[PDB]
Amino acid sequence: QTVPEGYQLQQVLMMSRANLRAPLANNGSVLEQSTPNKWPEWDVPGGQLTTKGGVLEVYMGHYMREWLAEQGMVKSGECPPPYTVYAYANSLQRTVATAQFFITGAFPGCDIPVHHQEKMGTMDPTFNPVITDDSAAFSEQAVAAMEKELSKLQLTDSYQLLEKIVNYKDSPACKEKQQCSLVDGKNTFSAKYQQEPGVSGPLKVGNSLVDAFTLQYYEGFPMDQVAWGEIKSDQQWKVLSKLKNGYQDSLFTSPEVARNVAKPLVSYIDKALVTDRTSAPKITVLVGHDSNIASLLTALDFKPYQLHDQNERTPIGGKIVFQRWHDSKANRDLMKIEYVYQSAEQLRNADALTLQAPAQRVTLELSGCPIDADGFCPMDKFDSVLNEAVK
């Protein structure tokens, strides 16, 4: 796609998801349980981003810069006035790190800080995808809603395949804990107040391992290191990644769970973009997590989508960039949202990102903001979406 003539970009807001990180330490014991195999090592601890993650984000920031300059939002090689860019990430190493690389990459040698709560290592409610309603009746409505969501999915082939690549029957889950079937395993969904919706069972092991295999791919481990050369071969990946996208769908894609869990980001966006656009900076960078993008996208009732050359519905370094454009001809404003990310090969190979060889881009759409032939939506309808979403 290519923006039409007569349109001038006015404001940008990116919802980013941190780049290449090591598998979550939080899932450390479920990976040991799920197989008799040895797990490759990482030089970074728990779930911190890797040096490659930073390198990949630098490219992402350089591409974003070239695009922003090309669109008149900034100039190339000169750096913008004091408060042009505003970067905010939550207090996790992972998210703050990717913001530093992104910014240093987009505006090298400038003086654009990265904001975050003073308390680091802990979560910032803004980005914390937790249940903020202790209605009790709500935690029950949530669990059920999740369960129903899982029912729409079909991961039987994913599990069977997973069982084999993982040699799960020889794992200390089948031997010792009698859990010997991912496909028949019972799933129990949680939703305790002030915490992330969870899953205990085959769906967790599924998402945990596949996430580890997926990260291993990107980090560039040789093929015999990514799932021990097992997950290799064709698109067993397409079916294995369903456990990973199905996990996300059940915990954050539910309508009533999304609306709650996302409450703070919707509120944020609906303020920097609507109620307080006059005070907001031309450019904003929110670095969050896939949970945030999953619940955010749902809460604002987005139309389904599909990312080309990507197996994850929320790409490791992908960013949802909201764009307010002003149509010179007809004195009106317009919203154009797009998912800007790096394909899997772009991540695995670490390709220099430039306008010559751009990052992947898919234009999204809001149910309440029908998109036109060029992918634009009137700022009127969008406004109503966010102002309605916050209610």
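Throughout, we count residues from 1 along the sequence that is shown.
Colleague: Higher mean Cα B-factor in the deposited model: 174-182 or 103-111?
Modeller: Result: 174-182.
Colleague: Please compare 231-239 with 311-319 and say which has the higher mean C-alpha temperature factor in the record.
Modeller: Stretch with the higher mean C-alpha B-factor: 231-239.
Colleague: With respect to the C-alpha temperature factors reported in the PDB entry, which of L215, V261, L150, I293 ranks highest?
Modeller: Highest C-alpha B-factor among the listed residues goes to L150.
Colleague: Identify, among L56, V340, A330, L364, the residue whose C-alpha carries the highest B-factor in the deposited PDB entry.
Modeller: It is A330.
Colleague: Please place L49 in the lowest, middle or highest third of its chain by C-alpha B factor as given in the entry.
Modeller: For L49, the deposited C-alpha B-factor lands in the lowest third.
Colleague: Would you mind checking where the Cα B-factor of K271 ranks among the modelled residues of its chain, as the lowest, middle or highest third?
Modeller: Middle third - that is where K271 ends up once the chain's C-alpha B-factors are sorted.
Colleague: Sorting the chain's modelled residues by C-alpha B-factor, tell me whether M14 ends up in the lowest, middle or highest third.
Modeller: Its C-alpha B-factor, which the entry lists for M14, ranks in the lowest third among residues of this chain.
Colleague: Should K336 be placed in the lowest, middle or highest third of its chain by the C-alpha B factor in the entry?
Modeller: For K336, the deposited C-alpha B-factor lands in the lowest third.
Colleague: In terms of the chain's CA B-factor thirds, is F127 lowest, middle or highest?
Modeller: Tercile = lowest for this residue's CA B-factor.
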